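Here the protein sequences line up with chains C and K, keeping their order. For the first sequence, the deposited numbering begins at 29 and goes up steadily by one. For the second sequence, the deposited numbering begins at 23 and goes up steadily by one. Think of the CB as a built atom: it goes at the ideal place given N, C-alpha and C, for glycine as much as any other residue.
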Amino acid sequence: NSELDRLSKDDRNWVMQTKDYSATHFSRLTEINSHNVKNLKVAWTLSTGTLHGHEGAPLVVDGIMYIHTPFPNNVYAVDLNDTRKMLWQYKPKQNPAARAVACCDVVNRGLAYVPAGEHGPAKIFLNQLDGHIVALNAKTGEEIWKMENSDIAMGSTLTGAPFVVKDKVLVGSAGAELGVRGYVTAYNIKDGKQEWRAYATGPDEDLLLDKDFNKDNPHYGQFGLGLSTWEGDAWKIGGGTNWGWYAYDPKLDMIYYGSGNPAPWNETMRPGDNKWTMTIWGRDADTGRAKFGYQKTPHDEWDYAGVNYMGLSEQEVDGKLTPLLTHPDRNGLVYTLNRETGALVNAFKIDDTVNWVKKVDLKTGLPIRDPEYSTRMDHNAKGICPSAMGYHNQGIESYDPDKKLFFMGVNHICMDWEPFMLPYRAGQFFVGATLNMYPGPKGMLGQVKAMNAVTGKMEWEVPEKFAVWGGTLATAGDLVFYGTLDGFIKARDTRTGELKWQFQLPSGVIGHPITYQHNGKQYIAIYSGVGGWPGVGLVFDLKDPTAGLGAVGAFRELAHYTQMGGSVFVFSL
Amino acid sequence: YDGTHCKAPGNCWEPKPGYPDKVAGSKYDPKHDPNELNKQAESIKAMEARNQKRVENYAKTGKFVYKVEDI
Ligand SMILES: O=C(O)c1cc(C(=O)O)c2c(n1)C(=O)C(=O)c1cc(C(=O)O)[nH]c1-2
Ligand SMILES: [Ca+2]
């Protein structure tokens with residue numbers, strides 16, 4: 029959408045969760061900078077009225093801030109000239125049975141926005157946990173249309189944010205832990221008419237492939253693989269849901285996202301590469317036809333769900349300025365691809381302790397597996413890095429284009445894993461593995477790291493007590509901001525990683541910070557309200573360390589530091 | 023099974039030593055019910071059909087109505 033793209037370049041706005049179509053999460057605002065961030069104070073605050081995990085962040089457009097919640101996914105608008113009053117509210121009526129099919133809390137990664145045009149007035153879009161996509165008037169809150177995307181009776185929910193491109197809103201999927209076969213859907217923003225739907229497994233017509241799919245990298249695989257890398261009909265319940273983030277290059281007219289893990293977690297029940305789960309896609313925006321598809325983790329054994337964000341940049345590769353995507357995967361590798369051809373430029377370990385893979389052969393594009401760290405029936409595999417929670421999860425990260433550095437909150441969590449046989453029954457959990465998780469060999473659960481994605485060179489690395497889950501915001505004031513699971517917001521100098529500021533929020537953070545200028549002054553905002561996968565133990569009062577898909581034991585100390593909460597904090601000088 | 027021995031482009035899967043080339047008939051046979059396997063796809067057809075009704079109604083009347091029984 030060209031007007032959305034233009035609105036994204038104004039520092040008064042934060043028009044999409046990713047900030048802009050390249051997912052830079054980078055602000056040119058410098059009022060707040062490394063030399064005065066120590067003076068940053070709370071300006072004002074709002075309550076969301078709900079508990080549970082608060083993922084994503086507010087949107088800001090045309091002087092209105094929009095806020096969203098976890099289930100039942102209430103939405104509120106706030107005029108920035110009257111921050112105490114709610115301009116409008118929308119309160120969904122959803123079946124509370126939706127909660128029972130969420131694998132890891134009832135998080136919602138947030139709203140999207142389109143400006144007014146021929147389609148009608150400006151709209152806010154909401155994915156509800158119960159599987160509806162809803163279009164709301166951005167200025168009044170009126171419900172304009174509502175369609176059914178996902179069916180909770182099949183274990184199929186929505187958690188990822190909608191994504192606006194041209195006259196379409198993209199809606200993902202969720203429920204691989206319940207054998208949902210993943211699909212992404214484009215809806216026309218005027219009337220909610222389904223325009224195209226692309227599945228992550230199965231026959232080629234369902235995958236929605238360009239006639240020239242992977243023509244530049246035929247060794248990635250081309251046709252028939254959605255069937256031939258499964259045994260029989262196992263692809264029908266095969267996972268590949270896309271609950272994470274997207275990027276878009278308007279010059280190429282291409283949308284980028286990752287498909288999730290194959291189902292069930294029990295690898296021995298689904299022999300084959302299990303294409304096209306765990307795949308970085310480049311799809312034509314108008315038709316949904318894939319031009320490239322690179323499978324990062326063939327025959328997943330670890331739940332390395334391939335849904336993490338896609339950060340676009342232009343950088344020199346062997347002296348030539350090239351359009352790139354960079355993607356820190358759950359599997360602990362940071363991929364950089366040419367975003368026109370799909371060619372692999374680099375794939376390096378985010379932390380050297382990653383051990384399921386020895387390395388990625390960049391010519392063949394294949395990860396060379398270490399059998400000592402495989403999973404398989406009749407075996408309790410120990411000491412696998414990363415755990416299923418990944419060395420990187422749902423946080424949207426940041427890119428300083430002057431430094432050519434990505435700043436990422438990283439997890440340092442390892443696991444044991446033992447599968448078990450189980451039947452598929454629609455609407456029930458279909459996991460099939462028992463996990464225990466614990467810190468990785470360096471001893472702490474999180475890090476923050478700055479790196480060059482082309483060279484793999486780490487500029488700096490700092491430890492964090494807990495996994496850094498919510499992603500980051502970088503600015504031309506030489507700062508990267510992020511929240512922590514133990515309930516701080518923090519700012520570090522992006523040349524060195526030195527800690528410059530921190531503030532104790534009420535609850536742990538699992539979304540990202542935003543910044544915007546309103547009436548000549550720079551503000552930073554963030555959600556506080558812990559939950560999500562790390563917080564499942566405290567959210568649901570679990571004590572078995574293997575519960576919460578293995579998260580409960582790793583995060584058992586988190587409840588000493590944070591309770592649940594739900595607020596929006598806004599800072600300024 | 024190192025992942026590097028490819029039967030065809032994009033197909034490098036091999037059984038791990040001691041495990042079977044195919045699971046049907048093995049002790050790891052998932053034994054899925056074909057009728058269960060088809061339920062998600064039938065649910066998506068029903069949702070697609072309801073959504074199409076809501077779209078047709080909007081085009082007919084100019085007013086959005088969600089509940090298909092009220093159209
Ligand atoms: O594969 C499934 O579709 C699915 C859904 C979700 C979700 O919808 O939040 C998560 C996951 N998987 C998952 O593997 C995971 O590591 C995870 C973390 C979180 C979270 O927000 O804290 N959600 C999810
Ligand atoms: Ca998953």
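Residue i, buried or exposed, once every other Cβ within 10 Å from all chains shown has been counted against 16
i: C:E492; result: buried
i: C:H247; result: exposed
i: C:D240; result: exposed
i: C:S201; result: buried
i: C:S30; result: exposed
i: C:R112; result: exposed
i: C:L433; result: buried
i: C:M297; result: buried
i: C:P98; result: buried
i: K:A46; result: exposed
i: C:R34; result: exposed
i: C:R56; result: exposed
i: C:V537; result: buried
Chain C within 8 Å of residue i, Cβ atoms only
i: K:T26; result: yes
i: K:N33; result: yes
i: K:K61; result: yes
i: K:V90; result: no
i: K:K67; result: no
i: K:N79; result: no
i: K:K75; result: no
i: K:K82; result: no
i: K:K44; result: yes
i: K:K38; result: yes
C-beta neighbour in chain K for residue i, strict 8 Å
i: C:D179; result: yes
i: C:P573; result: no
i: C:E176; result: yes
i: C:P395; result: yes
i: C:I172; result: yes
i: C:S402; result: yes
i: C:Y466; result: no
i: C:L566; result: no
i: C:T392; result: yes
i: C:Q250; result: yes
i: C:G300; result: yes
i: C:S184; result: yes
i: C:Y452; result: yes
i: residue 603 of chain C; result: This structure leaves residue 603 of chain C out entirely; chain C is present only between 29 and 601.
i: C:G260; result: yes
i: C:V142; result: no
Ligand 1 heavy atom lying under 7 Å from the CB of residue i
i: C:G539; result: no
i: C:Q456; result: no
i: C:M417; result: yes
i: C:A461; result: no
i: C:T187; result: yes
i: C:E205; result: yes
i: C:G437; result: no
i: K:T26; result: no
Ligand 2 heavy atom lying under 7 Å from the CB of residue i
i: residue 602 of chain C; result: Because chain C is modelled from 29 through 601, residue 602 of chain C falls outside the range shown and cannot be assessed.
i: C:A333; result: yes
i: C:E83; result: no
i: C:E329; result: no
i: C:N289; result: yes
Residue i in three-state terms, based on DSSP
i: C:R225; result: strand
i: C:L513; result: coil
i: K:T26; result: coil
i: C:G578; result: helix
i: C:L463; result: strand
i: C:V65; result: helix
i: C:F568; result: helix
i: C:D521; result: strand
i: C:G411; result: strand
i: C:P124; result: helix
i: C:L157; result: coil
i: C:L433; result: strand
i: C:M175; result: strand
Sequence ranges, beta strand (DSSP E) only - wholly within the segment 291–319 of chain C, length at least 3: 307–312
Within the segment 341–402 of chain C, note down every full beta strand (DSSP E) run reaching 3 residues or more, in order along the chain. 348–356, 361–366, 372–377, 385–389 and 394–397
Which complete alpha helix (DSSP H) runs does the segment 215–282 of chain C hold, if anything under 4 residues is left out? 232–235 and 253–256
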